[PDB]
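Below sits a lone chain in structure tokens, taken as the form deposited in one PDB entry.
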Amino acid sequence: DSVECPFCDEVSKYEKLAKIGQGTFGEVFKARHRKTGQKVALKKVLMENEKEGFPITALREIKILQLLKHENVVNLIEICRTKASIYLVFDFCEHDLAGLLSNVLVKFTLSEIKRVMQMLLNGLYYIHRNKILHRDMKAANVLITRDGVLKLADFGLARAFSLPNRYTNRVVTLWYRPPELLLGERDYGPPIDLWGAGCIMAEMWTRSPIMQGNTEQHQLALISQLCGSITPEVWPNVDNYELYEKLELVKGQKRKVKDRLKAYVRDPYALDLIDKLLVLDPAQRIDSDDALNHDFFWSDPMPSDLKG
């Protein structure tokens, strides 16, 4: 019945230009601030229910977006209501890595690919340093601005972590999901995001998701056909996983990461870094800090700004 509301503006201040989010991701609109022309992205908060008022899942994301302020993380400007529903308002990003890569016209130099990976890994370093797991690392959640600044996007499945945790296992798109999760691990950390950065790095040359399973078992098979097979020798203690005896995967596979990608990726350093990202044991998997230090970012051609 018309209440005071100083700190929650009506989304009508923005003028919708176009849906860009259909299917899964939710309803996402491009919009224009009615006074200044400032372009933004609007994500509505879906109320399929809740039986339970404002979705605890949306509260979590809002909490996390408000915490994360960094050049390589998407920026939540504000939350808006409606003359009942709710919209997250973000700075607009012109491109999306999945689109760029699935576009034959679009072409990357080795130098720019270096830059992309640098920004991405730097974003990861920041979010992890801030006790957040992104949990949905995939090309389609990586945005790039008209000015060549990469932003990690979609924190809708993200979650704070700490230091026996019982986090949720049903996380990360299947093609990007790390071994740990597929084997049923619930005490995982930042390494899951880095596995995803690996899959994306490889995707910068292959122009396509390297490992496209249909089920968890199919995914684990594909992973084995690339990274060798899951061995307590390779992955110390991979033993105590329930689903380990029960996995019925391969046994003779040996690491083909550098051989199978040898084709697409010219550069030796590139291949070495990818290899260290797609490591099976989460604890032996390179972290963003070391990855940033990797010679791939410190040899010629040195990383360059984006324009292709």
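Here the rigid core means the biggest group of C-alpha atoms that line up within 1.5 Å when the two forms are laid on top of each other. Residues that one form lacks are left out of the comparison. Sequential numbering from 1, following the sequence displayed.
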If the chain runs straight from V104 to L105, say none; otherwise bin the unmodelled deposited residues as 1 to 3, 4 to 9, or 10 or more. none
Might you work out how many residues are unmodelled in the deposited sequence between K83 and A84, and answer none, 1 to 3, 4 to 9, or 10 or more? 4 to 9
Comparing 208 to 216 with 139 to 147, where is the mean C-alpha B-factor higher? 208 to 216
Selected stretch [higher average CA B-factor]: 195 to 203 or 118 to 126: 195 to 203
With respect to the C-alpha temperature factors reported in the PDB entry, which of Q284, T24, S12, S288 ranks highest? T24
Using the temperature factors in the entry, find which of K35, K44, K69, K246 has the highest value at its Cα atom. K246
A263's Cα B-factor: lowest, middle or highest third of the chain? highest
Is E52 in the lowest, middle or highest third of its chain when residues are ranked by C-alpha B-factor? middle
Relative to the other modelled residues of the same chain, rank the CA B-factor of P301 and answer lowest, middle or highest third. highest
Please rank the C-alpha B-factors of the chain's modelled residues and tell me whether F90 sits in the lowest, middle or highest third. lowest
Grab the CA temperature factor for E180 from the record and place it in the lowest, middle or highest third of its chain. middle
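One more form of this protein, deposited in another entry, exists but is not displayed; see below.
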For the core superposition between the shown form and the other one, please identify the residue among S299, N293, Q284, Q22 whose CA shift reaches 2 Å or more. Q22
Hey, does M47 budge by 2 Å or more at the Cα between the shown form and the other one once the core is superposed? yes
Taking the shown form as reference, the Cα pair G23 and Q212 shifts by 3 Å or more in that other deposited form and sits farther
Assuming the CA distance changes by 3 angstroms or more, are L194 and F25 closer together or farther apart in that other deposited form compared with the shown structure? farther
Note down every stretch of 3+ consecutive residues with C-alpha shifts of 2 Å or more between the shown form and the other one, superposition done on the rigid core, in sequence order. 22 to 27, 46 to 49, 246 to 250
